[PDB]
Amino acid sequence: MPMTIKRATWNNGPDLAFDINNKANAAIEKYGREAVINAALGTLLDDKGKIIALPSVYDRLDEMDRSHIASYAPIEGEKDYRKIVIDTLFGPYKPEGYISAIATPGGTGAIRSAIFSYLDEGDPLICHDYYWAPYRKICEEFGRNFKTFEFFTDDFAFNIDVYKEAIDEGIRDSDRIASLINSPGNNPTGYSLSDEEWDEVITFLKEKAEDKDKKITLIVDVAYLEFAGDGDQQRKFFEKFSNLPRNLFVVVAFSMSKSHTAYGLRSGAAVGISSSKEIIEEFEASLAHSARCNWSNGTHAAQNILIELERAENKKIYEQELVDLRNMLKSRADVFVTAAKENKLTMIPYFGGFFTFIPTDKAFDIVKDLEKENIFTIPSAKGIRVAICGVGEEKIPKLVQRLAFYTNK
């Protein structure tokens, strides 16, 4: 006779990714660093396995007034933090409309809030075939309806055809639906929708919004934004959210976790776009309440970091440290993609993000075999996720070789 309510009763299951990383660390503890290829979890590590913490982020925290760490942030976050999020996130491609950013605990807080506020119980969140688990978990936490569509065509492009069928089905069922896209730099695939795949996406939603009884919410998860190109090309798609119908709402989920190596500081934002002023003020009012009821207010130090980072002398230093980081990951991926070509290993085309993905049918058998050799990766029904963000350049050719051996027999 459970004490918890049904919606809050969870029949466990082991934390798989938690288990794998435990094994990886144990292996490092037994065999030593260079013997292990630790590619489980999604955190940027230097070639020596140490977690990267950008000096141009943490030098600010060291320098910061005690009071800017101690005091409460406002419910919605610092007035300047809100403004800098919008400036930073969209760069030179801010969409035309009413835009507001409210602070959240990382990107997670933003995603949760969208799903809570813009979907009712029966209503569906339509998501891609390969996805970050918490999306489903959030739906299930709040009794919203998680629903997947096949991500890729046979050629590994956006399966826009099947995307349409799944949206059509959503609108056939509910007068309110939501569509979640995790791009650019999709976890787990590494895929990014092309600027022209985004065109096809937003043109179709505008079509479906014609029926003004329908309300549609697009949730874009951009956590990996700064890791999907030179910082400009991957922001270009934002312009396509300009002047959308009133019943087509966009919520971007911003996070400092990845872009600022500030995972443990839990600082992101939900950013809403609307061609209506009352819709956005309603966005603000709804999430202000949720913030007050769930976390109260964000990590103040982190918001102030982002503010101090927008200062000219600091902005410059951060820009280079980012470019350097951005590059380290990219050439790691370029070794990977080049090796995969040599070793005839089929992989979802890499466009950005912390991971490369190998589609397979024996995903759990293959990790089993690899773990015997001290190579650690994450399996799933779809295939193997490889945390390229954790493995230095030299260990990658071995990784791809042993990966292809087990995947192709």
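Quick note: we count residues from 1 along the sequence shown, nothing fancier.
Comparing 174-182 with 311-319, the higher mean C-alpha B-factor in the PDB entry belongs to 311-319.
Once the C-alpha B-factors are averaged per stretch, 351-359 and 31-39 rank with 31-39 first.
Looking only at 73, 287, 103, 280, the residue with the top Cα B factor in the deposited structure is 280.
Taking only the listed residues 112, 215, 136, 300, the entry reports the highest CA temperature factor at 215. When the modelled residues of the chain are ordered by C-alpha B-factor, residue 367 sits in the middle third.
In the deposited entry, the Cα temperature factor of residue 209 sits in the top third of values across the chain's modelled residues. In the deposited entry, the Cα temperature factor of residue 231 sits in the top third of values across the chain's modelled residues. Ranked within its chain, residue 64 lands in the highest third, by CA B factor from the PDB record. Sort the chain's modelled residues by C-alpha temperature factor and residue 248 lands in the middle third, per the entry.
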